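Let's start with one chain on its own, the form deposited without the ligand, as C-alpha cells.
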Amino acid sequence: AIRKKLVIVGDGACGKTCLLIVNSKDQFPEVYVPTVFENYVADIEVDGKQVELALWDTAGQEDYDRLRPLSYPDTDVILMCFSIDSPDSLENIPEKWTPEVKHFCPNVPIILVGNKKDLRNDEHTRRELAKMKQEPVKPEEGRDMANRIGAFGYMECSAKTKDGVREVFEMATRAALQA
C-alpha cells in the first residue's frame, strides 16, 4: 500500500479536526480536542490503487505559529481550510496560510477546502453575518482564491452533514499521487 502524508491547516474553529474525525476508527462524542492526538489513517482507493494517508492535524492560532512547522516535514498533500461562515478565515488564506505552507512544503499540492457548507443557507449564520454587513463565502470566491494561490483544486464540504467529505479526501489522494 502506497504511503502518503496529509497535513490540514487553517484558522482556528474553521472545522479542521471535525473534518478529519469524519473518518475514524471510533467516535468520542462529548470530548473537545484542539487537534487529533492519535495516529489517524485514511484508507482510500484511487484508480485501483491502495493508499494509506496519514492525517496530521494542526492548531491554527497565532500562539502555535512557532511550533506548528514541526508537522510539515515530508508532507505529500495539504488541505488548506477556511469556513464558509467566516469571511475572515478566507482572508487569511492568501495572507497567512499560503506563504507558510509554500515555505515549509515547497511544491506540495494544496487542496483549498471550504468547510461548513451547511451554514451557507443557515438562517442563524446569515443573521449573524448580516448584522455586520457580511454574508457567507460564495463558491465563486473559493474558486477565485484557488486560482490566486495556485491550489490544485477547490472543494466544499460539511463535516456536519457529510456532504463533499469523501471527495475532499479522494482529491487529496489523487494530488498526493502525482509526484
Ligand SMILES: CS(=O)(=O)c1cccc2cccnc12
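Quick note: we count residues from 1 along the sequence shown, nothing fancier.
Beyond what is shown, the protein has a form solved in complex with the ligand; the following relates to that form.
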| query | finding |
| --- | --- |
| Interface membership of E128, the ligand in the deposited bound form, 4.5 Å heavy atom rule | no |
| Proximity of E100 to the ligand in the deposited bound form, heavy atoms at 4.5 Å | yes |
| Within 52 to 69, the residues that have a heavy atom no more than 4.5 Å from the ligand in the deposited bound form | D65, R68, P69 |
